[PDB]
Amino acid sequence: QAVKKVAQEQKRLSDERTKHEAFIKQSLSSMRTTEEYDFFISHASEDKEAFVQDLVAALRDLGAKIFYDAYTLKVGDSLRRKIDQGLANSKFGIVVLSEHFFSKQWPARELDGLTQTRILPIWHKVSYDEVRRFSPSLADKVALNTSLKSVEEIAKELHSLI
């Protein structure tokens, strides 16, 4: 009888997951509907070899043009000026939201300013409470998750913007 409630929870979790995938796909459709390069990707020094390499390896196979060596954050400058120089070069921009990213200690106003738009944040190995601590607004809104989709699926989803 105890398993039945686990089944009910299972069904609820499944419906919620369905709604979430629908939401992000609907926002990307509105984003595409609304530059020499396709994407640029802002990340920390620690995430570069770990996740970013795999993502650009995934996107370049689909035929996307990216450059990630340029946009490594040293945590010594403004986030705004780093995302605007990339919007001048690329069609879209990606920010990898991780523990290494939040450890740089960025001004609240800039994180509040990260949120049609051409910028797409990707949650990588973070909890909701943790993101809510640095900026509750950034955590409240929707973004891509590495906990929900594989790197390859994420790459296809991004490629739908071009």
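One-based numbering along the sequence shown.
Chemist: Residues without coordinates, deposited sequence, stretch from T34 to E35: is the count none, 1 to 3, 4 to 9, or 10 or more?
Modeler: Going from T34 to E35, the model skips 4 to 9 residues of the deposited sequence.
Chemist: According to the PDB entry, how many deposited residues between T115 and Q116 are absent from the model (none, 1 to 3, 4 to 9, 10 or more)?
Modeler: 4 to 9 residues are missing.
Chemist: Can you tell me whether 132-140 has a higher mean C-alpha B factor than 65-73 in this record, or the other way round?
Modeler: The entry gives the higher C-alpha B-factor average to 65-73.
Chemist: For the C-alpha atoms alone, is the average B factor greater in 74-82 or in 87-95, going by the entry?
Modeler: The recorded data point to 74-82.
Chemist: Just say lowest, middle or highest third for the CA B-factor of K48 relative to the other modelled residues in its chain.
Modeler: Its C-alpha B-factor, which the entry lists for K48, ranks in the highest third among residues of this chain.
Chemist: Which third, lowest, middle or highest, does the C-alpha temperature factor of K125 belong to within its own chain?
Modeler: Ranked within chain, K125 CA B lands in the lowest tercile.
Chemist: Once the chain's modelled residues are ordered by C-alpha B factor and cut into thirds, is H159 in the lowest, middle or highest one?
Modeler: Tercile = middle for this residue's CA B-factor.
Chemist: Where does the C-alpha B-factor of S30 rank in its chain, lowest, middle or highest third?
Modeler: Its C-alpha B-factor, which the entry lists for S30, ranks in the highest third among residues of this chain.
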